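Enquirer: Next one to model:
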Amino acid sequence: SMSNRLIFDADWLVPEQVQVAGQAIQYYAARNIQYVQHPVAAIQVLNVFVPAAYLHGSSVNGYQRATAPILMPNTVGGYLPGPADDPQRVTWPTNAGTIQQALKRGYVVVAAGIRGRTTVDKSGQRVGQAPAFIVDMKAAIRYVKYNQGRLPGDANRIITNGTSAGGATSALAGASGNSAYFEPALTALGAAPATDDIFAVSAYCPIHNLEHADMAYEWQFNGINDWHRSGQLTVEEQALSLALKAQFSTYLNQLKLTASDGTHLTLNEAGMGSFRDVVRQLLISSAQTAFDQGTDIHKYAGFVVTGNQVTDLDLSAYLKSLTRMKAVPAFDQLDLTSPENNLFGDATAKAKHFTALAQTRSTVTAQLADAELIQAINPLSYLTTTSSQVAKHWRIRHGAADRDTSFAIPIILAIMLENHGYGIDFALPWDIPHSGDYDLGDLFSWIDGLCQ
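Expert: Numbering: from 1, shown residues only. Find the structure here:
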């Protein structure tokens, strides 16, 4: 209610410890903070964790109470609800280990609970479908910034982190700072009166650009007719696949992506061209990195090694050995059965389409989600319009063995960021599956490079 003033009090913080690297790591916690005045679901609370030093006037890793980065990780996966995380949490989903390491590194951690597609209110009505996930992330950010200086950590140094749908959430927060689109929702929740633009984005395999993911998936996997998550593509599915693949060329070319040297990255009618070369080169680079460490890259097919150099890659051979995970369409299923279909439903419709193709070919009675909503939750929408304040610093990873979305998807995001002058640190880590937080040493060195 309005009795909730949304004022943080450091006096709430109580002392705890957790073991990290064979050392006891001291911190303080304040849990279950109601971060808006009018929550609709119990999950909408946040937890605050602070390195013990900052309550005793001291420093960690070059940071102080007033200057520490604020890591804001989320536990969203599959666009499901993501409970407020905790370094002491052992129940799925949790990135407790990352929180422990972040605290050791000197970061304040604000771990917000986020509604998702299965969240219901007290009347049993759905209240967690799109754009609830990002509205909640923004409200948690607004809470933090409203409380600059009451809350330890520098609210101008917020860095979001998440994996998969959570990586999309992190990227979307970074892309859409202060977008007016979300203002009515934040007003209705009674979110804090503060900005929601953030400093930096960490995203692992962000499942985003959903309305073009089917095209990208088929561009990548057409010609591979068995899928494993085991199934076999029907004749109708093969037909959609070939078409979806062809459509990707047109979508891709219209983005006007450019290589470092300024050349338009494109694909021809058959899906071959300079854009495909870029994907290949990133996978070759991933392989070279692994090869240099003594890893057997021939676990997968296609790599040409000349002396000590990965000199080329048969991309089709590689993808066959990687295997297709999803059927067709991979995201907008004709029968509305995907996580993304359910994400785009509302209080009235459990699920909706979000592409013209799947609506036209729907095998169940269905509606299309609002075009503005689809656009609003796509981080890419903000890189080509002037409707928000965008984080200047991005670190994106998508595993070279992650088949949950096409490599083209994170690659498009990374290139568009680069093309528009944002800082972007991007790679496809070798033989990494659909997962995140597996390179914290490097992530934290990147954050430190930005913040210290």
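
Enquirer: Touching, residue 404 and residue 324? I think so.
Expert: No - using CB atoms under 8 Å as the test, residue 404 is too far from residue 324 to be in contact (11.1 Å). Using the backbone N, CA and C atoms, a C-beta is placed for each residue, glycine as well.

Enquirer: First-to-last residue distance for stretch 33-41?
Expert: Taking CA to CA, to the nearest Å, stretch 33-41 runs 13 Å from one end to the other.

Enquirer: let's number from 34 now, not from 1
Expert: Understood, numbering begins at 34; the last thing we discussed is stretch 66-74.

Enquirer: Could you pull out the buried residues of it?
Expert: 66, 68-70, 72-74 (16 or more other CB atoms under 10 Å).

Enquirer: so where do the helices sit in the stretch 384-485 of the chain?
Expert: Assigned by DSSP state H, counting those that start in this stretch, the helices in the stretch 384-485 of the chain fall at 389-393, 404-409, 441-452, 473-484.

Enquirer: meant to ask about the chain, not that
Expert: 129-138, 165-179, 198-208, 216-222, 243-254, 268-287, 307-324, 348-355, 372-376, 389-393, 404-409, 441-452, 473-484 (DSSP state H).

Enquirer: Compare these and report which one is nearest to residue 123.
Expert: helix 129-138 (7.0 Å; CB to CB).

Enquirer: Next, the angle from the closest one to helix 473-484.
Expert: With axes from the mean of the first three to the mean of the last three CA atoms, to 10 degrees as the basis, helix 129-138 and helix 473-484 are set at 40 degrees to each other.

Enquirer: on that earlier part again, which one's more surrounded, residue 437 and residue 357?
Expert: Using other CB atoms under 10 Å as the criterion, residue 437 and residue 357 rank with residue 357 on top: 25 against 20.

Enquirer: I'd say that one and residue 256 touch.
Expert: No - assessed by CB under 8 Å, residue 357 is found out of contact with residue 256, at 9.5 Å.

Enquirer: ok, back up a step: which of the helices of the stretch 384-485 of the chain has the highest mean neighbour count?
Expert: Most buried of those by mean neighbour count (mean count of other CB atoms under 10 Å) is helix 441-452; its value is a mean of 22.

Enquirer: packing partners for it?
Expert: helix 243-254, helix 268-287, helix 307-324, strand 426-430, strand 456-460 (3 or more CB pairs under 8 Å, 6 or more residues apart in numbering; DSSP states H and E).

Enquirer: Can you get me a residue count around the residue lying closest to residue 127 once chain neighbours are set aside?
Expert: Nearest-residue entry for residue 127: residue 118, 5.6 Å, with adjacent residues in sequence omitted and distances by CB to CB, 6 or more residues apart in numbering. Neighbours of residue 118 under the rule other CB under 10 Å: 24.

Enquirer: check contacts around residue 118.
Expert: 80, 106-108, 127-129, 132, 144 (CB atoms under 8 Å, 6 or more residues apart in numbering).

Enquirer: gap between it and residue 49?
Expert: Per CB to CB, to the nearest Å, residue 118 is found 14 Å from residue 49.

Enquirer: Ok, residue 372 next?
Expert: Distance of residue 372 to residue 49, computed by CB to CB: 35 Å.

Enquirer: Looking at these two now, which is surrounded by more residues?
Expert: residue 372 (19 against 16).

Enquirer: how close does that one sit to residue 113?
Expert: Distance from residue 372 to residue 113, by CB to CB: 8 Å.

Enquirer: do the same with residue 401
Expert: 23 Å.

Enquirer: Between those two, tell me which one has more neighbours.
Expert: residue 113 (22 against 17).

Enquirer: now that one, nearest residue through space, not along the chain?
Expert: residue 149 is the one closest to residue 113 (CB to CB, 6+ apart), at 4.3 Å.

Enquirer: what sits against the closest residue to residue 235 other than its chain neighbours?
Expert: Nearest non-adjacent residue to residue 235, counting by CB to CB, 6+ apart: residue 194, 4.2 Å away. Shown in contact with residue 194 (CB under 8 Å, 6+ apart): 104-107, 128, 131, 203, 235-237, 469-470, 476.

Enquirer: Please render the residues you listed as a markdown table that adds distance to residue 343 to the earlier fields.
Expert: Shown next, in a markdown table, are these (distance: CB to CB, whole Å):
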| residue | distance to residue 343 |
| --- | --- |
| 104 | 34 |
| 105 | 37 |
| 106 | 34 |
| 107 | 35 |
| 128 | 32 |
| 131 | 31 |
| 203 | 31 |
| 235 | 27 |
| 236 | 26 |
| 237 | 24 |
| 469 | 25 |
| 470 | 27 |
| 476 | 25 |
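
Enquirer: Which one of these sits in the busiest neighbourhood?
Expert: Of the contacts of residue 194, with other CB under 10 Å as the count, residue 203 tops at 34 neighbours.

Enquirer: okay but that residue is in contact with residue 209, surely?
Expert: No - under the criterion of CB under 8 Å, residue 203 is not in contact with residue 209, lying 11.3 Å apart.

Enquirer: follow-up on the earlier one: now list whatever residues contact both of residue 372 and residue 113.
Expert: 150, 198.

Enquirer: Alpha carbons of stretch 260-273, in PDB - could you do that?
Expert: Extracted C-alpha coordinates of stretch 260-273, given in PDB (Å, rounded to 0.1, in the frame of the first residue of the first chain):
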ATOM      1  CA  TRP A 260      15.700 -32.900 -33.300                       C
ATOM      2  CA  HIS A 261      16.800 -33.800 -29.800                       C
ATOM      3  CA  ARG A 262      15.800 -32.200 -26.400                       C
ATOM      4  CA  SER A 263      14.200 -37.200 -30.000                       C
ATOM      5  CA  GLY A 264      12.000 -36.400 -33.000                       C
ATOM      6  CA  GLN A 265      11.900 -36.200 -36.800                       C
ATOM      7  CA  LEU A 266      10.700 -33.300 -38.900                       C
ATOM      8  CA  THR A 267       7.400 -33.800 -40.700                       C
ATOM      9  CA  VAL A 268       7.000 -32.800 -44.400                       C
ATOM     10  CA  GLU A 269       5.000 -29.800 -43.300                       C
ATOM     11  CA  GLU A 270       7.800 -28.800 -40.900                       C
ATOM     12  CA  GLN A 271      10.400 -29.200 -43.600                       C
ATOM     13  CA  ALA A 272       8.400 -26.900 -45.800                       C
ATOM     14  CA  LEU A 273       8.100 -24.300 -43.100                       C
END
